[PDB]
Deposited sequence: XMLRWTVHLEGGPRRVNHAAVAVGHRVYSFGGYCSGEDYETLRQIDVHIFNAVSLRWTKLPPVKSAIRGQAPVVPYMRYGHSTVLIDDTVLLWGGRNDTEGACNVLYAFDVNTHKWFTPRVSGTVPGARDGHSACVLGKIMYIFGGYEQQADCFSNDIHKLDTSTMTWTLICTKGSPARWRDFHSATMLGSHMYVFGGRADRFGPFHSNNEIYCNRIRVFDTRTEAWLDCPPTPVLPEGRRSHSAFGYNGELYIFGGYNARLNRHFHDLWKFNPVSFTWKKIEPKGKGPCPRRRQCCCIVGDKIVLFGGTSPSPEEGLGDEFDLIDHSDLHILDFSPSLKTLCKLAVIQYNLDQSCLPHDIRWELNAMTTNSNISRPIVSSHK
């Protein structure tokens, strides 16, 4: 049973980043950090966490490909989304403090690390931050977020067919999910599950009527309709900036923040779509402190959770740490944890095991403590 098995420090200190898993390596793009420069034009960042060696590395800056042409790379930003389709990360949206509005689609090849901007057509969604993004086949679905130019919350779904690089504003059927940002959207099968987010209780505009959503909303991509859903007897507290992920056919949400309660979360909730029910799950081990807008990525039966923001022990801190949630700990994993906890001498273990023990107890060198 599920257990927090790794807690490492010294990684990128980031919140409101976006990340994808490519096999056993997590690629993390951009994000915000207090005290660092989000006004002057800089290149976005790529850090890679290897979930086997448990090491963070950072890619070097993008160089100009031809003399006289600027490097092809998104500017540093936060609040953007990243999805993976085959060998390509699609990065879209987000913002910085200064450069107003960017709705340019960026593609990043996970093998060559080259960036490019595919030529798109159709109804390009307006620039925004805090939207969700997910994929089904070659289609990327953008929902929600806070539109910069229109200055409002969105409840549109824009789909990008990457086979033709064509955007479409979906004319949906059913009752749409409330305009919101910093929600999640997770594909299970052909259905998109929208949970949480900050919203306004009367409409799409800030009006000092801010609410935190917790009624799950479901979009069927086949009929392009929002579904009427049954109530559930139990449900998580409303929150924004949780992480969501789909594992073994079920939706999981972790952490986040509710501004009405002024509460950060480190709970874990499981939504089973077949029975259509919520359950709160208690992993073994300590796990992360309550926080918001971390990223979570799935590697096999493990979740890599890293970064985010939490109240300092405005007095907020941004996180450089990383946690692994193991849904199915092997006996070897359980024994490694016991050997570490009991402080036993490791010098008579074979070197393959000692390498693993070292991996799980050694910080990376991206950051030092603040």
Practice item. Go through the deposited sequence from residue 1 and tell me which stretches lack C-alpha coordinates, in order. Key: 1, 315-321, 379-383
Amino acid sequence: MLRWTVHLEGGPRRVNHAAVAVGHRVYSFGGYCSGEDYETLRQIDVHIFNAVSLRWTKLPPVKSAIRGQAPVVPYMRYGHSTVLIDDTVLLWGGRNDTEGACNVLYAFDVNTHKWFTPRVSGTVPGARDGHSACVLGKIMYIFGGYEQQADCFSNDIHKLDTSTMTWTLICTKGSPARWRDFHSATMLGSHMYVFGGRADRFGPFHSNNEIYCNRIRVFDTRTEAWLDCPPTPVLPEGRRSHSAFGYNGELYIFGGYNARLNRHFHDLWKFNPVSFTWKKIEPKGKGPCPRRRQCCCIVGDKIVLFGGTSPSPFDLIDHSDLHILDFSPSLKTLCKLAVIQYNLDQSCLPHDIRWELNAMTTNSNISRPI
From here on, numbers count along this sequence of modelled residues.
Check your understanding: Looking at the entry, does 93-101 or 216-224 show the higher mean C-alpha B-factor?
Key -> 93-101
**Study point:** Of 295-303 and 159-167, the stretch whose C-alpha atoms average the higher B-factor in the entry
**Key:** 159-167
**Study point:** Per the PDB entry, maximal CA B factor within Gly196, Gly126, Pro288, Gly256
**Key:** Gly126
Point to revise | Top Cα B factor in the deposited entry, candidates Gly145, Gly79, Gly203, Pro283 | key: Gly203
**Study point:** Position of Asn365 among the chain's modelled residues by C-alpha B-factor, lowest, middle or highest third
**Key:** middle
Study note, to complete from the structure: The third of the chain into which the C-alpha temperature factor of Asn248 falls is the middle
Exercise for review: Determine, from the deposited record, the chain-internal third of the Cα B-factor for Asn209: lowest, middle or highest.
Suggested key: highest
Exercise for review: Using the B-factor values recorded in the entry, state whether the Cα atom of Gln69 falls in the lowest, middle or highest third among the modelled residues of its chain.
Suggested key: highest
Exercise for review: Could you say whether, by C-alpha temperature factor, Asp181 belongs to the lowest, middle or highest third of its chain?
Suggested key: middle
